[PDB]
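Just below is one structure, and these are the notes that go with it.
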There are 4 protein chains.
Amino acid sequence: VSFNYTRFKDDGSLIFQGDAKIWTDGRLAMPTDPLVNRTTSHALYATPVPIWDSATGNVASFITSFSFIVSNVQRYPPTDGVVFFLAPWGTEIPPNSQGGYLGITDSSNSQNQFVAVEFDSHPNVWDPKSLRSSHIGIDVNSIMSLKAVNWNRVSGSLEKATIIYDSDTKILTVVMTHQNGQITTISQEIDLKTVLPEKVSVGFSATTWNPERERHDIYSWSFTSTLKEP
Amino acid sequence: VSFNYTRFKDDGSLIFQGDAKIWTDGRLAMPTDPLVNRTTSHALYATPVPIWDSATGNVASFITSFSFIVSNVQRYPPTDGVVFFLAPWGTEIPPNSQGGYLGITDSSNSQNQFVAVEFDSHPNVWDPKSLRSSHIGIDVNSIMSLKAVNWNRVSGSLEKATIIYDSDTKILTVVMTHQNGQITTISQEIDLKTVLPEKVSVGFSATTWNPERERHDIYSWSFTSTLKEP
Amino acid sequence: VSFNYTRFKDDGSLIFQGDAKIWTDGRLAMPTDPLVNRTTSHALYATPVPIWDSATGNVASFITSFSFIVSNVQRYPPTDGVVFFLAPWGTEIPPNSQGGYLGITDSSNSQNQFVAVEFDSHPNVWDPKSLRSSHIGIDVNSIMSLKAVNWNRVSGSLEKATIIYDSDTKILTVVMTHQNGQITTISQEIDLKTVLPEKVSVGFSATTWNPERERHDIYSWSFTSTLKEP
Amino acid sequence: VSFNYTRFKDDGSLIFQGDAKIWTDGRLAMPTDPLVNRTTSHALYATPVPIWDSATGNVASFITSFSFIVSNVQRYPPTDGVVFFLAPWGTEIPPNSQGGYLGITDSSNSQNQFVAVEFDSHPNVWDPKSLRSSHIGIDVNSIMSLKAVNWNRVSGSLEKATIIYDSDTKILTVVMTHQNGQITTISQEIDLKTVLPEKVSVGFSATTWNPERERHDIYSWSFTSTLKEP
Ligand SMILES: *[C@@H]1O[C@H](CO)[C@@H](O)[C@H](O)[C@H]1NC(C)=O
Ligand SMILES: [Ca+2]
Ligand SMILES: [Ca+2]
Ligand SMILES: [Ca+2]
Ligand SMILES: [Ca+2]
Ligand SMILES: [Mn+2]
Ligand SMILES: [Mn+2]
Ligand SMILES: [Mn+2]
Ligand SMILES: [Mn+2]
């Protein structure tokens, strides 16, 4: 699967759910209006990405990169915020997934499937119980990230995320290039065959809360996956 | 922390919860009596194990070995498994953790936080949809193993586990030497410091169901952890 | 360290050694002229890169991206490849590094010290005796790759490489997105602080042989690294 | 391949090269006579170990333990080390492999093919630039350890090593339990299939120098490998 949005236009290639909307300048707004309380937005590439193949046991490798900005509104504290994720094709927004559950986790499940790279702007009770405030986490089947690094969340600042999944070694690795010329990285060993079905969606889920809220605006997104085949 | 049980005595050094009992000949029985119905058994080292140190940021390495056997009773089908696990101190047998949730996962949560190596004798819907029947799995925060290998579960047969956590690369590795002299291995990169508090319990959880059950008898357990205070 | 060459200017930001030169249309040619016969070319970022810090024991994370094309000349078979590499600052083109040694390995040593991602166009004796012909490899201290993946080398075809080093888990991961919309990835655990000194060059090395040769023309290159000071 | 030496007898099960001999009480002495200057000793299991299989592409897993003591020679500084290593079946002590090269590396090459866990008693210039004196390293195709931890080398003190190779994740993990009951660990991702042929030796190499020397006495050694032939 190969795609490249250098901007977003309604062209039938994406699937919006909840409060995700294409605002002009070709911005993917998640949510379109953060003043609405407790938004949940999904923005999925419109066809399934094969990530593994039953006949071969082969797993896909992929890279995706996206540039985005999270932004305060106006004196509200920021939440919740925005993820890139793989979920079973057929999954809708889960129940009991609002706010700090990022539109990807119910909350009560268990049970609960999903690989995510989260850009978490709000410290919940389960969050890197560090004094991390904002953080970049990798989630596997849990809102409690299996790894996470501090994120100097800067309102309106361009963040450039690159995520590589290497099927050979089963590593998901993330790098986020900040406007200040620094990078943050975090990685996690995940075998996609162990935790997800052979076809998933890829794309974003973003939430906000009330009074807590922020913009999650995605400016570009490229994605390349390859499943061998045999 | 360093201990070595060549057999088990009820000497205050372990905490037994639920159906865990010392049974004949210093065998740690989990459960003592599988005829009972659905059993959940915890046997934990009775002192919290320091796995990382907040001051220095150092993380413990460890090596642990245990030998055990799982046995059929009677003509019942086998379930559910026995796991070695680390969890935050204050860990109690969670609610909703019967059967396939192996006494460590609250099926109606979401907030499950533990690291386990599972010896899982019954394929649940969330189990490796490889065709694995029995399997050895590594779990973090989820009953869906991040990695797993299959297990030739042989009733009555001695299994010899060795698990190495290497804090330098943050890999948990498991080898199982089977009665036939073969070994099974599985590993997972896990940053202990990111998924668990400074002090954890180490020990075992095992469940049985109804009608599915089996014995899980632990014969020996040694553990060495070293945490750099510089 | 942060830089981003959308093309290459003769601007003192790089060090060129051997046959490396800025060539037509702002491209980095390695070598500038393959017709010559055997070439070795180095093009290094001209400032040492700090990749670990003595006081904290911290290791740098980085992400680097570069677009490049390798091209046949015109009937010769291709050799030898181009690499992205880290080497001890003060690196010169090593003795005995011609041809398949990629300008990074002194073949009569032993003391070779470097981390490289190679795009190797020619199967030498030590190359994946898979039947791989061209391959993308991760090299540490040796010309024999620790991990390699097969590479559909297409003459004149644009390749877009991304390499992420995550200091958290110590994993170097490569993605190369090919013109056909496929990607190849390869990944390797590498502790930069075990294998390299605290200041390194980043850059490229490329060689051609006689008769075997090809162009390696790099079009763009961005690099962001972050080393923590506390 | 499975074996277990609780002591070493002259039973033709191993292959001894250079100064490896069975010494008093079935100790494997490497060198037998540390008064000799610049000793090299190999002690290999005398049957190849299949570590991977061409037809299926599967890699073996293995677990191995051995206990050994390194001991000073009075008035002499200690060198150089003892290593557990895998090398192509048919491997011979390399030329130019004395002293710091541990009988595994030809210091004038290239091209050295092996995987080793070294117990290195003599800090060479290429040794971990940590301040380590003695250290336990993982070596792939280089004398310069891909990873290392430091070793509190104590003359005459029992060391208990456990090494697991997990073919699933491709990770070599070492634990070493010291006489004081602390453990040291170190791991490295190495896909044996990328670096070694199908059949390998497993065993030990040890060197001394002049005037530096020490005994490397091995007391016990067990090994279990399993290679999936489907
Ligand atoms: C390099 O610069 C170009 C143009 O200024 C821009 O599109 C891009 O953000 C930069 N590349 C990276 C990866 O930082
Ligand atoms: Ca949160
Ligand atoms: Ca199960
Ligand atoms: Ca080559
Ligand atoms: Ca040395
Ligand atoms: Mn979070
Ligand atoms: Mn399971
Ligand atoms: Mn190569
Ligand atoms: Mn060394």
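Convention: chains lettered A, B, ... in structure tokens order; per-chain residue numbering from 1; ligands numbered from 1 as shown.
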- Task: Quick one: everything within 12 Å of residue A:6, counting only C-alpha atoms, minus sequence neighbours fewer than 3 positions away in the same chain. Send it as number ranges by chain.
- Result: A: 3, 9, 25-28, 65-68, 218-223
- Task: Would you mind listing the residues within 7 Å of ligand 7, counting only C-alpha atoms and all ligand atoms, as number ranges by chain?
- Result: B: 118, 120, 123, 127-128, 135, 137, 143-145
- Which value, in Å to one decimal, gives the distance between atom CA of residue B:10 and atom CA of residue B:205?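 Taking atom CA of residue B:10 and atom CA of residue B:205, their separation equals 17.2 Å.
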- Write as a PyMOL selection string the residues around ligand 4, taking 12 Å as the cut-off and counting only C-alpha atoms and all ligand atoms. chain C and resi 78-83+97-105+118-129+132-137+139+143-145+148+206-209+212-213
- Item | Best match for closeness to residue B:117 among B:91, B:162, B:201, B:17, counting only C-alpha atoms |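 Closest candidate: B:162.
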- Define the interface residues of chain D facing chain B as those within 10 Å, counting only C-alpha atoms, and report them as a PyMOL selection string. chain D and resi 1-3+60-63+147-149+162-177+181-189+223-227
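Minimum atom-to-atom distance to residue D:40, evaluated using only C-alpha atoms, belongs to D:96 out of D:141, D:13, D:71, D:96.
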- Using only C-alpha atoms, find the one residue out of C:195, C:46, C:217, C:107 that sits nearest to residue C:19.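 Of all the options, C:217 lies closest to residue C:19.
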- C:155, C:39, C:47, C:194 ranked by distance to ligand 9, top pick (using only C-alpha atoms and all ligand atoms):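 With only C-alpha atoms and all ligand atoms as the atom set, the closest residue is C:194.
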What are the DSSP alpha helix (DSSP H) residues of chain A, as a PDB file with N, CA, C and O atoms, in the first residue's frame?
```pdb
ATOM      1  N   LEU A 192       3.415  -8.043  14.634  1.00  0.00           N
ATOM      2  CA  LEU A 192       2.024  -7.706  14.211  1.00  0.00           C
ATOM      3  C   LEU A 192       1.078  -8.933  14.086  1.00  0.00           C
ATOM      4  O   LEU A 192      -0.088  -8.832  14.409  1.00  0.00           O
ATOM      5  N   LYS A 193       1.620 -10.071  13.622  1.00  0.00           N
ATOM      6  CA  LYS A 193       0.898 -11.355  13.513  1.00  0.00           C
ATOM      7  C   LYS A 193       0.379 -11.852  14.876  1.00  0.00           C
ATOM      8  O   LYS A 193      -0.671 -12.511  14.939  1.00  0.00           O
ATOM      9  N   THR A 194       1.103 -11.528  15.962  1.00  0.00           N
ATOM     10  CA  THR A 194       0.725 -11.956  17.310  1.00  0.00           C
ATOM     11  C   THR A 194      -0.451 -11.178  17.873  1.00  0.00           C
ATOM     12  O   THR A 194      -1.138 -11.678  18.752  1.00  0.00           O
ATOM     13  N   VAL A 195      -0.675  -9.958  17.394  1.00  0.00           N
ATOM     14  CA  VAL A 195      -1.583  -9.036  18.090  1.00  0.00           C
ATOM     15  C   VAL A 195      -2.642  -8.392  17.198  1.00  0.00           C
ATOM     16  O   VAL A 195      -3.529  -7.747  17.699  1.00  0.00           O
TER      17      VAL A 195
END
```
- Query: DSSP on the backbone: what in stretch 4-226 of chain C comes out strand (DSSP E), as a PyMOL selection string?
  - Reply: chain C and resi 4-5+14-18+21-23+27-29+39-45+49-50+61-72+81-88+115-120+135-140+147-150+159-166+171-178+183-189+199-208+214-226
- Distance criterion (only C-alpha atoms): nearest to residue A:198 out of B:109, B:130, B:24, B:37: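 Checking each of B:109, B:130, B:24, B:37 against residue A:198, counting only C-alpha atoms, the winner is B:130.
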- What is the distance between atom CA of residue C:202 and atom CA of residue C:108, in Å to one decimal?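 Separation between atom CA of residue C:202 and atom CA of residue C:108: 23.6 Å.
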- Task: In Å, rounded to a single decimal, give me how far atom CA of residue A:142 is from atom CA of residue B:142.
- Result: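 Between these atoms lies a distance of 7.0 Å.
Proximity to residue B:50 at 7 Å, evaluated using only C-alpha atoms and with sequence-adjacent residues fewer than 2 positions away removed, yields residues 48, 52, 198, 199 and 200 of chain B.
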